[PDB]
Amino acid sequence: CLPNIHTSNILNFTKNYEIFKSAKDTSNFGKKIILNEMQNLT
Amino acid sequence: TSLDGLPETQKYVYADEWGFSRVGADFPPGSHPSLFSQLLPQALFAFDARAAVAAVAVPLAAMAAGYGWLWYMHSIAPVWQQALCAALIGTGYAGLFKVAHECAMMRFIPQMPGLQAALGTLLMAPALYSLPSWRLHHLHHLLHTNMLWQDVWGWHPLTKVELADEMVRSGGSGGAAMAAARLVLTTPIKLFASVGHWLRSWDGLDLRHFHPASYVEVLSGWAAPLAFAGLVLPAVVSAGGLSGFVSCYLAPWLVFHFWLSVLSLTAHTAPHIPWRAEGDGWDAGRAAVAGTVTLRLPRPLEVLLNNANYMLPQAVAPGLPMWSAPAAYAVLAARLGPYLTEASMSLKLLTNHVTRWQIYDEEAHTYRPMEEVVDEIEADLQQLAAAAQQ
Ligand SMILES: CC(C)CCC[C@@H](C)[C@H]1CC[C@H]2[C@@H]3CC=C4C[C@@H](OC(=O)CCC(=O)O)CC[C@]4(C)[C@H]3CC[C@]12C
């Protein structure tokens, strides 16, 4: 069988979200050093 | 204000007993140490290139002359010639270090903030000092000047109730702590106690003492010192051996630390200056102007150390440049003459700092000798034991 996903709404968002996340690694933990440079007396 | 208003005759005999050139007048509460900055002319905050380049290149030339003289006769020199070269190089470096301490407070060349921060870092490196920790500690000093339990980045005096507490906590004066305190505050090694201050920087090498948005700046601040003691200190040893290290590095280091320690110790310690805890009678302008001392130098030493003894002209005006620190003092005595305090270079003053003014008592609000204080609190232990036999 099949659950006929296109006439749903939770399946729509969960589907698009999982596809987007699986496309490519888009986590960036190394862009937060800018947060450790906000008070500089230079 | 401890020995405040009474006839000037006894304050003058006190000034002669202590080697002081003056004792202050009465200061009333409710003032701001920034007030009297309104008096100085609008040209005392001026910028000029020649004075600054002289202030940086004169002690440089002193140090260079000393090194050249030494490397001319690297290790065949006798002991007192070595001492002369060490003293000369240490004095030149104290001058360069005052230039550093100027650019740390951003008042040396505000035109180029980056160049001046780099200069301060470079000149602080050879002494193993981090620029931002120094700046934080100095502002924290200015804010709590002469406050009890609060200014630990100055010459915080040792009080009486705490020493009795430690007396009981060690079970007598025979533990390591009491002996250490005695030996450090009784012999001329006190004149080098600034070394301990250098070990209280590097706050455990711990970023948990600071504000997160500053981490990347604090670490770089700990980098220039470390890198130095990681790159240059080996090279020297490699090319000079142990002795060749005790000569070209360690002795000018002890000289600079002597100069630093004595400058601070004589600038903010005196028997006519009380140390109040705030709430129990503290005030900003009072503990700033009334609880201070200014020292006199020979003009050669004053052009070498770069006005290293004028600490009040830049405590009333935190943005006052360095080549104007004497001139500004010229104005201040014109206005607050009776309240100022002054002193001169004298081994008698240092000897009284070493032997007489050792322990601060808050009852008489003044400094006392350590052996008398220690015998008398032993006598108070006898008293409380007499109250305890039953
Ligand atoms: C060996 C010389 C010739 C080169 C320069 C060495 C310095 C960079 C070293 C030597 C002494 C070190 C200090 C010795 C003791 C301490 C305490 C230590 O921290 C703690 O003990 C944490 C607090 C605690 O335990 O209560 C580490 C930092 C610090 C300041 C050290 C920082 C690095 C210092 C200044």
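Student: When you look at empty space enclosed by the protein in this model, what are you seeing that I'm missing?
Tutor: The method is simple in principle: a probe with the dimensions of a water molecule rolls over the atoms, and the space it marks as empty is what remains. Residue and element names in this part refer to chain B. Within the structure shown, the criterion is met by four cavities of 30 Å³ or more. Space inside the second largest cavity adds up to approximately 70 Å³. Residue lining of the second largest cavity: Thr1, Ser2, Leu3, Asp4, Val23, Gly24, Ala25, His272 and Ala290, and that is the complete set. Considered class by class, the residues forming the lining of the second largest cavity number four nonpolar, four polar and one charged.

Student: Explain the packing of aromatic side chains to me, please; I cannot follow it from the model alone.
Tutor: Two aromatic rings, taken as a pair, are described by how far apart their centres are and by the angle between their planes. Residues and elements named next belong to chain B. On inspection of all chains with the given rule, the structure shows 19 aromatic pairs over all chains. Where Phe210 meets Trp222, the ring centres are 6.0 Å apart and the plane angle is 85°; that geometry is what we call edge-to-face. Taken as a pair, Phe210 in the loop between α8 (194–200) and α9 (215–248) and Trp222 in helix α9 lie far apart in primary sequence, 12 residues in all. Neither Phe210 nor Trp222 differs from the other in exposure class; each is buried.

Student: How should I be thinking about the interface of chain A and chain B in this particular structure?
Tutor: Reports of interface size often rely on the accessible area that becomes lost once the parts have come together. Listed per partner, the contact involves eight residues of chain A and 10 residues of chain B. Taken together, both faces of the contact between chain A and chain B bury some 810 Å²; the carbon and sulfur share is 55%. Looking only at chain A, the three residues that lose the most surface to chain B are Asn36(A), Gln39(A) and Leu41(A), adding up to 69% of its buried area. Where chain A meets chain B, there are five residue pairs in polar contact. Taken together, the residues of the side of chain A that touches chain B break down into three nonpolar, four polar and one charged.

Student: It is not clear to me how the packing of helix α1 (residues 8–18) of chain B against helix α14 (residues 347–355) of chain B should be interpreted in this structure. Could you clarify?
Tutor: When two helices pack together, their arrangement is captured by the angle between the axes and the distance separating the axes. All names here are of chain B. Two elements in contact, α1 and α14, have axes separated by 9 Å at closest approach and are oriented at 90°. Relative to α14, the element α1 lies roughly perpendicular. Contacts between α1 and α14 involve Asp16, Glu17 and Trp18 on the former and, on the latter, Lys348, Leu349 and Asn352.

Student: For this particular structure, what's the right way to read a nonpolar patch on the surface?
Tutor: On the surface, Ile33(A), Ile34(A), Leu35(A), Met38(A) and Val216(B) cluster together into a nonpolar patch covering about 460 Å² of accessible area. Considering the arrangement of structural elements, one finds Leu35(A) in the segment after α1 (10–23).

Student: Where do I start with the nonpolar core in this structure?
Tutor: Side chains that are nonpolar tend, in soluble globular proteins, to be buried together. All names here are of chain B. Grouped together as the largest cluster of nonpolar side chains are 33 residues, with contacts concentrated most on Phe108, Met124, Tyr129 and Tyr249. For this core, the elements supplying multiple residues, two or more each, are α2 (49–72), α3 (79–104), α4 (113–124), α5 (131–143), α9 and α10 (250–268). Every residue in contact with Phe108, bar those within four places of it in the chain, is listed here: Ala52, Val99, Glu102, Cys103, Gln116, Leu119, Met322 and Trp323.

Student: Explain the environment of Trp259(B) here, please?
Tutor: Residue and element names in this part refer to chain B. Mapped onto the secondary structure, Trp259 falls in helix α10. Its relative accessible area of 17% is what places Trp259 among the buried residues. Here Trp259 is in contact with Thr91, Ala94, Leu301 and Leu305, once residues within four sequence places are set aside.

The rules behind each value
- Residues numbered from 1 in each chain as written, not as in the entry; some residues may be left out.
- Chains lettered and ligands numbered in written order.
- Part of a larger assembly, values for the part shown.
- Heavy atoms only, no water.
- 1 Å grid on protein atoms, 1.4 Å probe; cavity = no way out; pocket = protein on both sides within 12 Å on 5 of 7 lines; lining within 4 Å.
- Points joined across faces, edges and corners; volume = space filled by probe spheres on them.
- Nonpolar A, V, L, I, M, F, W, Y, C, P; charged D, E, K, R; others polar.
- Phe/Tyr/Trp six-rings, centres within 6.5 Å; stacked < 30°, edge-to-face > 60°.
- Helix = DSSP H or I, 4+ residues; strand = E, 2+ residues; numbered from the N terminus.
- Buried < 20%, exposed > 50% of the residue type's maximum accessible area, 1.4 Å probe, protein only.
- Contact = heavy atoms within 4.5 Å.
- Buried area = accessible area lost by both parts, 1.4 Å probe.
- Polar contact = N/O pair within 3.5 Å; in protein donor to acceptor, adjacent residues only side chain to side chain.
- Axes fitted to C-alpha atoms, helices over the stretch in contact; angles between N-to-C directions.
- Parallel < 35°, antiparallel > 145°, perpendicular 65-115°, else oblique.
- Patch = residues over 30% accessible without salt bridge, like charges linked within 9 Å, V, L, I, M, F, W, Y side chains within 5 Å.
- Areas by Shrake-Rupley, 256 points an atom, 1.4 Å probe, with all protein chains shown as cover.
- Salt bridge = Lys/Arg side-chain N within 4 Å of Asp/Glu carboxyl O.
- Core = buried A, V, L, I, M, F, W, Y, C linked by side-chain atoms within 4.5 Å.

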